[PDB]
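What follows is one structure encoded as structure tokens, with my remarks underneath.
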Amino acid sequence: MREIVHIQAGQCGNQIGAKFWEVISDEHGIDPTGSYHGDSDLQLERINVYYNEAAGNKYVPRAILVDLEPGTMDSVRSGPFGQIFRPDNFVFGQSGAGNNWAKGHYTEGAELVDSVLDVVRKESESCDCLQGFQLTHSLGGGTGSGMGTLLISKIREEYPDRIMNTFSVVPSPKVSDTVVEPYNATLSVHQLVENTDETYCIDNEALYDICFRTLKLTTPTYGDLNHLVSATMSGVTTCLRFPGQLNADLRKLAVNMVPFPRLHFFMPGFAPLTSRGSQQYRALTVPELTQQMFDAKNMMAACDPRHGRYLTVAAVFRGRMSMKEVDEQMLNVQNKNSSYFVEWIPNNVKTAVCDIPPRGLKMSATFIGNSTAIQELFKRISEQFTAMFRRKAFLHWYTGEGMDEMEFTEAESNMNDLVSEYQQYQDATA
Amino acid sequence: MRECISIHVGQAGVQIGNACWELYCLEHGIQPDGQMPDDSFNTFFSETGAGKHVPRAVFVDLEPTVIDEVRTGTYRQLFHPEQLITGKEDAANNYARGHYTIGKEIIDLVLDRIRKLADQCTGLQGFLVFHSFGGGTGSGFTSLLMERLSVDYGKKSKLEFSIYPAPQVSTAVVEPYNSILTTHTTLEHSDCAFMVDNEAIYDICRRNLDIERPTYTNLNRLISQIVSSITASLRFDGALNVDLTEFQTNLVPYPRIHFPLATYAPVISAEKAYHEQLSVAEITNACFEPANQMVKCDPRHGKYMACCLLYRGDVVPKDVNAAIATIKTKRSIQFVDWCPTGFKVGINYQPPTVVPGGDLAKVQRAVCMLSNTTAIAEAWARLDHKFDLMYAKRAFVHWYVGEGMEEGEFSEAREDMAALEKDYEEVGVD
Ligand SMILES: Nc1nc2c(ncn2[C@@H]2O[C@H](COP(=O)(O)OP(=O)(O)OP(=O)(O)O)[C@@H](O)[C@H]2O)c(=O)[nH]1
Ligand SMILES: Nc1nc2c(ncn2[C@@H]2O[C@H](COP(=O)(O)OP(=O)(O)O)[C@@H](O)[C@H]2O)c(=O)[nH]1
């Protein structure tokens with residue numbers, strides 16, 4: 001249970017995974033060549049969770065690269081710390097669908113998924129104590145979402161005894177490369193709501209809004225959002241990358257945070273607010289960080305957390321603070337806003353503390369929770385799909401292959417049932 | 001000849017086992033190599049022809065991490081590697097995985113080592129085992145192991161040192177489910193069991209120990225002190241002695257009610273050792289103090305059965321009788337007509353011992369009073385409230401359903417624990 005297999009999907013997934021690797025390597029004291037050079041023994045204590053011992057004393061990420069457009073792998077190689085990745089992990093299609101799920105699912109998806117199954121087996125049966133897989137994937141583009149769905153489905157059916165995890169880049173209406181987003185999102189969720197067991201949705205329009213207003217990034221590009229989402233995801237996986245009794249492995253995380261088979265959708269939260277290059281941030285008191293988790297703009301999903309009741313709560317703080325003050329603050333906020341939780345789930349607020357703070361920071365706050373606030377993403381995609389399908393707009397693009405809309409009806413019915421489950425769990429009394 | 005066997009499961013359970021074995025070897029003055037600088041040590045330690053002494057116990061867990069640090073700790077020349085068994089998969093706070101999905105795949109080898117170490121247990125009296133209710137491994141594998149040995153031998157004793165989890169230290173919200181499953185599946189087999197409510201030890205460390213914030217090391221050290229005080233009668237000989245069989249006779253009148261609520265006193269910090277220690281009467285009064293037990297119960301609403309005491313220090317029988325007479329005048333003691341007798345006396349002259357460098361200071365008198373009453377039903381009521389508030393909505397059940405289990409076992413365990421608690425209150429009813 002000492003190792004995790006990383007998987008990438010789509011371009012945006014590729015750069016978010018690369019940024020994840022470089023930030024965690026920076027905080028784990030790993031040089032570009034893969035040899036440890038830090039001082040704290042905690043980084044090397046369980047580096048096997050996201051790294052593998054290599055030739056000499058080198059440490060190599062246990063990731064894999066999956067896409068179809070040839071430019072994604074080249075961009076990954078261009079970025080810093082690209083070379084430290086496994087050289088043979090680059091699995092890319094020779095044509096590239098380009099946000100066109102219909103062509104990339106069958107014409108290029110078959111051999112690609114066979115090859116990725118071959119490699120995942122290559123480092124699975126060779127692996128010692130494999131536990132599960134986690135993914136950084138996108139949903140706005142049909143191609144990357146298609147690969148993500150294919151890989152998760154095959155690795156779930158091949159490994160039913162292994163924990164399933166994935167991170168989703170939820171499409172946003174502010175920026176839309178293609179308008180086929182509703183179809184891809186519906187098929188992806190129809191696959192994952194039972195295929196996956198962990199889902200930290202990252203909503204793009206929330207990132208754009210926080211960059212524009214809170215972070216003053218008037219022009220949020222790919223890297224601008226990628227820096228902050230990588231910081232947040234390093235914060236959330238700090239539970240795993242370093243020793244801690246709370247959330248020892250992915251399976252413990254799943255059993256503690258998933259109350260129902262379809263309740264595996266999470267609100268990401270991180271504090272304090274930070275950007276790329278801004279060093280003007282100073283030391284902040286703990287109570288500010290504690291109250292910061294009630295802020296919508298400090299979340300990574302454009303929801304209304306006040307409306308929902310947190311079924312489960314996960315939080316970690318990084319730094320050297322007197323954490324008795326921390327759980328005093330958590331008790332105070334729980335007493336203040338118990339109306340924002342569910343009384344029938346005893347003590348869903350599980351929190352631990354991490355000694356090492358993230359890069360360019362001395363105290364940090366990370367928030368993870370499960371509530372009905374995620375249901376507004378499903379409501380948004382439902383109304384978008386209804387608007388796009390009432391006139392059957394762009395349906396002929398999908399039907400060019402020849403499939404019917406029966407599976408579309410199944411997907412929409414299943415997600416409406418999911419929304420109903422969320423609403424009934426919110427309305428449930430004690 | 002009077003051999004005894006101990007078992008350790010779960011990270012918390014095996015850690016407490018390590019701590020208690022450390023305090024045991026300090027009690028006998030056993031160096032980490034096993035050098036010998038009462039004869040009851042042979043009941044827990046096995047001596048070879050070369051003079052090396054190894055405890056007649058075993059540390060097992062589905063994860064190796066704690067066993068790894070044990071095998072890299074400070075007792076390399078003490079424990080043989082074959083009584084330190086590590087699994088590959090993890091129960092992950094799940095009774096189902098720890099019992100059936102992963103438990104049965106290793107318990108056969110576990111029984112292989114148990115049988116080989118029992119091959120030289122001629123005078124075997126019974127088995128000891130440490131587990132926490134919250135611990136998924138310490139729940140499922142504990143229940144499986146207990147029922148397996150009940151099948152193997154039966155009348156051979158199997159006494160429990162359980163750890164009752166607390167919300168401040170709790171890691172998994174599913175923990176009351178595990179507690180209910182353990183108590184239902186072990187009630188027919190646990191001849192006697194001791195709980196350790198971590199809220200009690202938490203407040204003891206906060207106030208009595210004068211510690212700003214309780215740590216796992218300190219609370220586990222004090223728990224090991226309590227365990228050693230309980231097991232001293234087995235590990236030492238005095239004028240008044242109590243053994244496992246007569247532990248069962250004098251502590252378990254009702255087969256279903258096999259939860260004797262013990263207590264220990266006194267505790268004082270190193271910095272406060274400069275003050276005169278409490279006398280026999282003072283410590284005896286401090287015994288029944290509401291915040292001076294291993295659980296956060298309400299002794300003011302209890303129906304006592306019979307007193308059992310464990311003096312291990314400089315207590316003369318005259319002081320024992322004086323303390324008993326003074327306690328007999330207490331206004332918070334209510335007895336039962338079916339057990340007119342209400343006192344049992346055990347005195348040990350061996351001075352108490354504590355871990356060097358710990359928070360607790362050296363004392364010359366100590367008391368481990370043994371009690372059983374309806375006051376223990378408050379923790380039962382708390383876990384009942386948790387289980388009813390969760391299982392009504394069937395929260396977290398799907399994780400158990402995915403391991404070849406149904407809701408019927410949950411329901412029947414619920415009514416079994418309801419029958420237990422109604423038995424408690426009915427015995428409490430005049
Ligand atoms: N008394 C005591 N309890 C602890 C300690 N550490 C953790 N616990 C509690 O014990 C529970 C888990 O018990 P364990 O036996 O260690 O876990 P396990 O049986 O190995 O099961 P898994 O955690 O799923 O592997 C946690 O929820 C904690 O609340 C400790 O040091 N002392
Ligand atoms: N936050 C974030 N979103 C991105 C990034 N790159 C693309 N996106 C979103 O993804 C959508 C396009 O999907 P795309 O990445 O092209 O799919 P793919 O080509 O199959 O991998 C757009 O609507 C963008 O909003 C990025 O670097 N960061």
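Naming works like this for the structure tokens: A, B, ... for the chains as they're shown, residue 1 at the start of each chain, ligands 1 onward in shown order.
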At a cut-off of 7 Å and counting only C-alpha atoms and all ligand atoms, what residues surround ligand 1? Please answer as a PyMOL selection string.
(chain A and resi 245+252) or (chain B and resi 9-13+15-16+61-63+90-94+131-139+163+165-166+169-172+175+196+198+216-217+219-220)
Save out the residues we just selected, N, CA and C atoms, as a short mmCIF file (atom, residue, chain, number, x, y, z; two decimals), in the first residue's frame.
```
data_model
loop_
_atom_site.label_atom_id
_atom_site.label_comp_id
_atom_site.auth_asym_id
_atom_site.auth_seq_id
_atom_site.Cartn_x
_atom_site.Cartn_y
_atom_site.Cartn_z
N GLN A 245 -1.60 9.87 10.15
CA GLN A 245 -2.58 8.86 10.53
C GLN A 245 -3.87 9.02 9.74
N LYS A 252 -8.45 4.19 2.46
CA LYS A 252 -8.94 4.84 3.67
C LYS A 252 -9.62 6.16 3.33
N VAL B 9 -2.79 -6.75 16.82
CA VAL B 9 -3.34 -6.45 15.51
C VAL B 9 -3.64 -4.96 15.42
N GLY B 10 -3.63 -4.45 14.19
CA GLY B 10 -3.91 -3.05 13.95
C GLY B 10 -2.76 -2.14 14.33
N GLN B 11 -2.59 -1.03 13.60
CA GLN B 11 -1.47 -0.13 13.87
C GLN B 11 -1.49 0.36 15.31
N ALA B 12 -2.64 0.84 15.77
CA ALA B 12 -2.76 1.26 17.16
C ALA B 12 -2.56 0.08 18.11
N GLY B 13 -3.15 -1.07 17.78
CA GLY B 13 -3.02 -2.22 18.66
C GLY B 13 -1.59 -2.70 18.78
N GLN B 15 1.09 -0.93 18.14
CA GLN B 15 1.87 0.11 18.81
C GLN B 15 1.71 0.03 20.32
N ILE B 16 0.48 -0.17 20.79
CA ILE B 16 0.25 -0.33 22.23
C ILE B 16 0.92 -1.60 22.73
N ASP B 61 -0.31 -7.41 11.24
CA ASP B 61 -1.12 -6.35 10.66
C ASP B 61 -1.08 -6.50 9.15
N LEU B 62 -2.15 -6.05 8.50
CA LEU B 62 -2.21 -6.09 7.04
C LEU B 62 -1.22 -5.13 6.39
N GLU B 63 -0.71 -4.16 7.14
CA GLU B 63 0.30 -3.24 6.64
C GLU B 63 1.60 -3.40 7.41
N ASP B 90 -4.64 -3.73 2.54
CA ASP B 90 -5.02 -3.05 3.77
C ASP B 90 -6.53 -3.13 3.92
N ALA B 91 -6.99 -3.31 5.17
CA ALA B 91 -8.42 -3.31 5.43
C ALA B 91 -9.03 -1.94 5.18
N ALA B 92 -8.28 -0.87 5.47
CA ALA B 92 -8.70 0.51 5.24
C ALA B 92 -9.98 0.83 6.01
N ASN B 93 -9.89 0.68 7.34
CA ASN B 93 -10.97 1.03 8.25
C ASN B 93 -12.26 0.30 7.90
N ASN B 94 -12.14 -0.91 7.35
CA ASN B 94 -13.28 -1.70 6.92
C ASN B 94 -13.24 -3.04 7.63
N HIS B 131 -6.73 -4.70 20.15
CA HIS B 131 -7.35 -4.17 18.95
C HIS B 131 -8.16 -2.94 19.31
N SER B 132 -8.35 -2.07 18.32
CA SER B 132 -9.20 -0.90 18.44
C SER B 132 -10.47 -1.12 17.63
N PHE B 133 -11.59 -0.62 18.16
CA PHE B 133 -12.86 -0.76 17.45
C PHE B 133 -12.82 -0.06 16.10
N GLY B 134 -12.25 1.15 16.05
CA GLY B 134 -12.19 1.89 14.80
C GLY B 134 -11.33 1.22 13.75
N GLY B 135 -10.25 0.56 14.16
CA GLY B 135 -9.34 -0.08 13.23
C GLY B 135 -9.97 -1.16 12.37
N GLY B 136 -10.00 -0.93 11.06
CA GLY B 136 -10.60 -1.91 10.16
C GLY B 136 -9.91 -3.25 10.22
N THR B 137 -8.57 -3.24 10.17
CA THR B 137 -7.83 -4.47 10.40
C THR B 137 -8.11 -5.01 11.80
N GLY B 138 -7.93 -4.17 12.81
CA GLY B 138 -8.19 -4.54 14.19
C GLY B 138 -9.64 -4.86 14.49
N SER B 139 -10.54 -4.65 13.53
CA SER B 139 -11.91 -5.13 13.65
C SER B 139 -12.10 -6.47 12.94
N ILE B 163 -9.56 -0.99 22.46
CA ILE B 163 -9.41 0.46 22.48
C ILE B 163 -10.68 1.06 21.89
N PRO B 165 -12.53 4.05 20.32
CA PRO B 165 -12.09 5.28 19.66
C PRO B 165 -12.89 6.49 20.10
N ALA B 166 -12.28 7.66 19.91
CA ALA B 166 -12.85 8.94 20.31
C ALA B 166 -12.82 9.91 19.14
N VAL B 169 -9.51 11.93 18.27
CA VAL B 169 -8.45 11.10 17.69
C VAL B 169 -8.95 10.26 16.53
N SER B 170 -10.26 10.21 16.29
CA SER B 170 -10.81 9.33 15.27
C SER B 170 -10.31 9.72 13.88
N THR B 171 -10.09 8.70 13.05
CA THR B 171 -9.67 8.90 11.67
C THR B 171 -10.75 8.54 10.65
N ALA B 172 -11.57 7.53 10.93
CA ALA B 172 -12.61 7.08 10.02
C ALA B 172 -13.98 7.28 10.67
N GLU B 175 -16.24 4.30 11.97
CA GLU B 175 -15.79 3.58 13.16
C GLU B 175 -16.91 2.99 14.02
N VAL B 196 -10.84 1.09 26.02
CA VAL B 196 -10.03 2.28 26.30
C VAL B 196 -10.62 3.42 25.48
N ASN B 198 -10.62 6.83 24.12
CA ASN B 198 -9.53 7.77 23.92
C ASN B 198 -9.87 9.19 24.36
N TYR B 216 0.17 10.64 20.51
CA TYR B 216 -0.01 9.19 20.46
C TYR B 216 0.98 8.49 21.39
N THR B 217 2.22 8.96 21.42
CA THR B 217 3.24 8.32 22.26
C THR B 217 2.84 8.36 23.73
N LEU B 219 -0.20 8.99 25.25
CA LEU B 219 -1.42 8.26 25.57
C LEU B 219 -1.19 6.75 25.50
N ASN B 220 -0.43 6.30 24.50
CA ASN B 220 -0.13 4.88 24.41
C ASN B 220 0.77 4.42 25.55
#
```
Could you please extract the residues within 7 Å of ligand 2, counting only C-alpha atoms and all ligand atoms, and hand them back as a PDB file with C-alpha atoms, in the first residue's frame?
```pdb
ATOM      1  CA  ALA A   9      -5.122  12.262 -19.941  1.00  0.00           C
ATOM      2  CA  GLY A  10      -5.524  15.060 -22.470  1.00  0.00           C
ATOM      3  CA  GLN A  11      -3.330  18.137 -22.813  1.00  0.00           C
ATOM      4  CA  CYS A  12      -4.577  20.096 -19.784  1.00  0.00           C
ATOM      5  CA  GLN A  15       0.400  20.019 -17.957  1.00  0.00           C
ATOM      6  CA  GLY A  98      -8.670  17.621 -31.516  1.00  0.00           C
ATOM      7  CA  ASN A  99     -11.717  17.813 -29.223  1.00  0.00           C
ATOM      8  CA  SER A 138     -10.113  16.973 -18.615  1.00  0.00           C
ATOM      9  CA  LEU A 139     -13.729  17.009 -19.777  1.00  0.00           C
ATOM     10  CA  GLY A 140     -14.163  20.097 -21.978  1.00  0.00           C
ATOM     11  CA  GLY A 141     -12.360  18.510 -24.909  1.00  0.00           C
ATOM     12  CA  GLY A 142     -14.047  15.382 -26.201  1.00  0.00           C
ATOM     13  CA  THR A 143     -10.753  13.696 -27.078  1.00  0.00           C
ATOM     14  CA  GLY A 144      -9.017  13.899 -23.699  1.00  0.00           C
ATOM     15  CA  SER A 145     -12.233  13.037 -21.879  1.00  0.00           C
ATOM     16  CA  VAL A 169     -11.308  19.537 -15.439  1.00  0.00           C
ATOM     17  CA  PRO A 171     -15.857  22.488 -18.865  1.00  0.00           C
ATOM     18  CA  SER A 172     -16.936  26.100 -18.442  1.00  0.00           C
ATOM     19  CA  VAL A 175     -14.255  29.619 -22.633  1.00  0.00           C
ATOM     20  CA  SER A 176     -15.366  26.882 -25.042  1.00  0.00           C
ATOM     21  CA  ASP A 177     -13.019  25.514 -27.699  1.00  0.00           C
ATOM     22  CA  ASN A 204     -12.584  26.291 -14.993  1.00  0.00           C
ATOM     23  CA  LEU A 207     -10.464  29.617 -11.823  1.00  0.00           C
ATOM     24  CA  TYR A 222      -3.318  27.917 -19.229  1.00  0.00           C
ATOM     25  CA  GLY A 223      -0.325  28.372 -16.929  1.00  0.00           C
ATOM     26  CA  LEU A 225      -4.804  28.464 -13.774  1.00  0.00           C
ATOM     27  CA  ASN A 226      -2.362  25.540 -13.807  1.00  0.00           C
TER      28      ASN A 226
END
```
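When the distance limit is 10 Å and only C-alpha atoms are what count, the residues near residue A:323, minus those fewer than 6 positions from it on the same chain, are residues 286, 317, 329, 352 and 353 of chain A; 213 of chain B.
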Writing out the chosen residues with C-alpha atoms as an mmCIF file, in the first residue's frame:
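The resulting again-v9.cif:
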```
data_model
loop_
_atom_site.group_PDB
_atom_site.id
_atom_site.type_symbol
_atom_site.label_atom_id
_atom_site.label_comp_id
_atom_site.auth_asym_id
_atom_site.auth_seq_id
_atom_site.Cartn_x
_atom_site.Cartn_y
_atom_site.Cartn_z
ATOM 1 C CA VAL A 286 -4.564 30.426 11.824
ATOM 2 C CA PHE A 317 -2.810 22.432 7.477
ATOM 3 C CA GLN A 329 -11.044 27.013 15.938
ATOM 4 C CA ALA A 352 -4.586 16.485 10.502
ATOM 5 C CA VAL A 353 -1.565 18.813 10.433
ATOM 6 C CA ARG B 213 -1.835 18.593 23.611
#
```
Determine which residues of chain A sit within 7 Å of chain B, taking into account only C-alpha atoms, and present them as a VMD selection string.
chain A and resid 1 129 246 251 to 252 255 to 256 258 to 261 324 344 to 348 350 430
Can those selected residues be exported to a file as an mmCIF file, in the first residue's frame so that it contains N, CA and C atoms?
```cif
data_model
loop_
_atom_site.group_PDB
_atom_site.id
_atom_site.type_symbol
_atom_site.label_atom_id
_atom_site.label_comp_id
_atom_site.auth_asym_id
_atom_site.auth_seq_id
_atom_site.Cartn_x
_atom_site.Cartn_y
_atom_site.Cartn_z
ATOM 1 N N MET A 1 0.842 -1.187 0.000
ATOM 2 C CA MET A 1 0.000 0.000 0.000
ATOM 3 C C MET A 1 0.881 1.243 0.000
ATOM 4 N N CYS A 129 3.345 -3.728 -4.173
ATOM 5 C CA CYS A 129 2.168 -3.671 -3.310
ATOM 6 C C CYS A 129 1.164 -2.655 -3.851
ATOM 7 N N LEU A 246 -4.330 10.254 9.556
ATOM 8 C CA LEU A 246 -5.540 10.493 8.782
ATOM 9 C C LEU A 246 -5.278 10.244 7.303
ATOM 10 N N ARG A 251 -7.542 3.984 -0.211
ATOM 11 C CA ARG A 251 -8.720 3.236 0.219
ATOM 12 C C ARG A 251 -9.305 3.806 1.507
ATOM 13 N N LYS A 252 -8.449 4.188 2.458
ATOM 14 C CA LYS A 252 -8.940 4.843 3.667
ATOM 15 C C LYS A 252 -9.622 6.162 3.331
ATOM 16 N N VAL A 255 -13.100 5.258 1.884
ATOM 17 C CA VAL A 255 -14.078 4.778 2.855
ATOM 18 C C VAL A 255 -14.477 5.887 3.823
ATOM 19 N N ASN A 256 -13.557 6.798 4.152
ATOM 20 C CA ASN A 256 -13.891 7.876 5.075
ATOM 21 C C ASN A 256 -14.719 8.973 4.419
ATOM 22 N N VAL A 258 -16.442 8.794 1.227
ATOM 23 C CA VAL A 258 -17.515 8.371 0.331
ATOM 24 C C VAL A 258 -18.603 7.715 1.180
ATOM 25 N N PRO A 259 -19.752 8.364 1.385
ATOM 26 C CA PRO A 259 -20.814 7.755 2.197
ATOM 27 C C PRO A 259 -21.761 6.874 1.397
ATOM 28 N N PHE A 260 -21.824 7.085 0.088
ATOM 29 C CA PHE A 260 -22.736 6.360 -0.783
ATOM 30 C C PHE A 260 -22.024 6.031 -2.086
ATOM 31 N N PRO A 261 -22.444 4.969 -2.782
ATOM 32 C CA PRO A 261 -21.694 4.540 -3.974
ATOM 33 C C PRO A 261 -21.591 5.608 -5.046
ATOM 34 N N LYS A 324 -3.528 22.757 18.771
ATOM 35 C CA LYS A 324 -4.622 22.832 19.732
ATOM 36 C C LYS A 324 -5.471 24.070 19.470
ATOM 37 N N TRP A 344 -26.732 13.630 11.221
ATOM 38 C CA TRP A 344 -26.735 12.175 11.297
ATOM 39 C C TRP A 344 -25.396 11.552 10.924
ATOM 40 N N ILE A 345 -24.405 12.356 10.556
ATOM 41 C CA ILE A 345 -23.057 11.849 10.309
ATOM 42 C C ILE A 345 -22.162 12.343 11.438
ATOM 43 N N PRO A 346 -21.833 11.494 12.412
ATOM 44 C CA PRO A 346 -21.086 11.957 13.593
ATOM 45 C C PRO A 346 -19.637 12.271 13.250
ATOM 46 N N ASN A 347 -19.248 13.527 13.468
ATOM 47 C CA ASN A 347 -17.847 13.948 13.418
ATOM 48 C C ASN A 347 -17.229 13.699 12.044
ATOM 49 N N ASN A 348 -17.873 14.240 11.011
ATOM 50 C CA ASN A 348 -17.344 14.137 9.658
ATOM 51 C C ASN A 348 -16.162 15.065 9.401
ATOM 52 N N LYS A 350 -12.734 15.604 9.696
ATOM 53 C CA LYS A 350 -11.469 14.941 9.984
ATOM 54 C C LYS A 350 -10.324 15.813 9.489
ATOM 55 N N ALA A 430 -32.619 14.488 10.738
ATOM 56 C CA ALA A 430 -31.945 13.569 11.645
ATOM 57 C C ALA A 430 -32.900 12.479 12.116
#
```
Could you give me, as an NGL selection string, the residues within 9 Å of residue A:394, counting only C-alpha atoms and dropping anything in the same chain fewer than 3 positions from it?
:A and (179-180 or 388-389 or 397-398)
Save the residues we just selected, C-alpha atoms, as a short mmCIF file (atom, residue, chain, number, x, y, z; two decimals), in the first residue's frame?
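Saved the output as out31.cif:
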```cif
data_model
loop_
_atom_site.label_atom_id
_atom_site.label_comp_id
_atom_site.auth_asym_id
_atom_site.auth_seq_id
_atom_site.Cartn_x
_atom_site.Cartn_y
_atom_site.Cartn_z
CA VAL A 179 -19.59 23.19 -28.28
CA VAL A 180 -19.65 19.36 -28.11
CA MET A 388 -28.17 21.67 -27.04
CA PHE A 389 -30.42 18.62 -27.55
CA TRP A 397 -21.58 15.12 -35.71
CA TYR A 398 -21.96 12.20 -33.31
#
```
Need to verify the contact set: residue B:35, 9 Å, only C-alpha atoms, exclusion of same-chain residues closer than 5 positions in sequence. Can you return it as JSON, numbers by chain?
{"B": [29, 30, 51, 52, 53]}
Write out the residues from the selection above, keeping C-alpha atoms, as a compact mmCIF listing (two decimals), in the first residue's frame.
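Once written, out-v4.txt looks like this:
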```
# COMPACT_ATOMS: atom_id res chain seq x y z
CA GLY B 29 14.90 -5.22 33.92
CA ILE B 30 15.14 -6.96 30.55
CA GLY B 51 19.65 -17.18 27.95
CA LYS B 52 17.89 -15.11 25.28
CA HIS B 53 14.34 -14.19 26.29
```
Spatial neighbours of residue A:87, max dist 12 Å, only C-alpha atoms, sep filter under 4 positions, as a list in words
residues 60, 61, 62, 63, 64, 65, 73, 76, 77, 82, 83 and 91 of chain A
Please produce, as CSV, a per-residue contact table for stretch 233-310 of chain A versus stretch 40-58 of chain A (criterion: any atom at most 10 Å away, only C-alpha atoms considered), showing the nearest atom pair and its distance in Å to one decimal, sorted by chain then residue number.
```
residue,atom,partner,partner_atom,distance
A:240,CA,A:49,CA,7.4
A:241,CA,A:49,CA,6.5
A:242,CA,A:42,CA,6.6
A:243,CA,A:46,CA,7.4
A:249,CA,A:49,CA,9.3
```
Could you write out the selected residues, including N, CA and C atoms, as a JSON list (two decimals), in the first residue's frame?
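New file selection-v2.json:
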```json
[["chain", "number", "residue", "atom", "x", "y", "z"],
["A", 240, "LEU", "N", -1.26, 12.06, 1.40],
["A", 240, "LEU", "CA", -0.61, 10.83, 0.94],
["A", 240, "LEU", "C", 0.90, 10.96, 0.80],
["A", 241, "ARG", "N", 1.39, 12.11, 0.32],
["A", 241, "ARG", "CA", 2.81, 12.23, 0.03],
["A", 241, "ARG", "C", 3.69, 12.24, 1.27],
["A", 242, "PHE", "N", 3.12, 12.45, 2.45],
["A", 242, "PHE", "CA", 3.88, 12.49, 3.69],
["A", 242, "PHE", "C", 3.14, 11.69, 4.75],
["A", 243, "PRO", "N", 3.86, 11.19, 5.76],
["A", 243, "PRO", "CA", 3.21, 10.36, 6.78],
["A", 243, "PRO", "C", 2.13, 11.11, 7.53],
["A", 249, "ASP", "N", -3.96, 5.79, 3.12],
["A", 249, "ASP", "CA", -3.89, 5.42, 1.72],
["A", 249, "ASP", "C", -5.17, 5.86, 1.01]]
```
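Proximity to residue B:141 was assessed for B:120, B:245, B:178, B:125 counting only C-alpha atoms; the smallest distance is recorded for B:178.
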Would you mind listing what lies within 12 Å of residue B:146 as a PyMOL selection string, with only C-alpha atoms counted and same-chain residues fewer than 2 positions away left out?
chain B and resi 7+9+99+107+111+126-131+138-144+148-154+156-160+182-183+185-191
Can you work out the spacing between atom CA of residue B:234 and atom CA of residue B:326 in Å, to one decimal?
28.7 Å
Helix (DSSP H, G or I) positions in stretch 151-354 of chain A, given as a ChimeraX atom specification:
/A:151-158,181-195,204-214,222-241,250-257,286-292,323-336,338-340
Do you have, as a Markdown table, the list of residues of stretch 339-389 of chain B lying at most 12 Å from stretch 416-426 of chain B, each with its nearest atom pair and that distance in Å to one decimal, counting only C-alpha atoms and ordered by chain then number?
```
| residue | atom | partner | partner_atom | distance |
| --- | --- | --- | --- | --- |
| B:372 | CA | B:424 | CA | 10.7 |
| B:373 | CA | B:424 | CA | 8.2 |
| B:374 | CA | B:424 | CA | 5.7 |
| B:375 | CA | B:424 | CA | 9.1 |
| B:376 | CA | B:424 | CA | 8.9 |
| B:377 | CA | B:421 | CA | 6.6 |
| B:378 | CA | B:421 | CA | 9.5 |
| B:379 | CA | B:421 | CA | 10.3 |
| B:380 | CA | B:421 | CA | 7.0 |
| B:381 | CA | B:421 | CA | 7.8 |
| B:382 | CA | B:421 | CA | 11.3 |
| B:383 | CA | B:417 | CA | 9.9 |
| B:384 | CA | B:418 | CA | 8.0 |
| B:385 | CA | B:418 | CA | 11.1 |
| B:387 | CA | B:417 | CA | 10.5 |
| B:388 | CA | B:418 | CA | 10.7 |
```
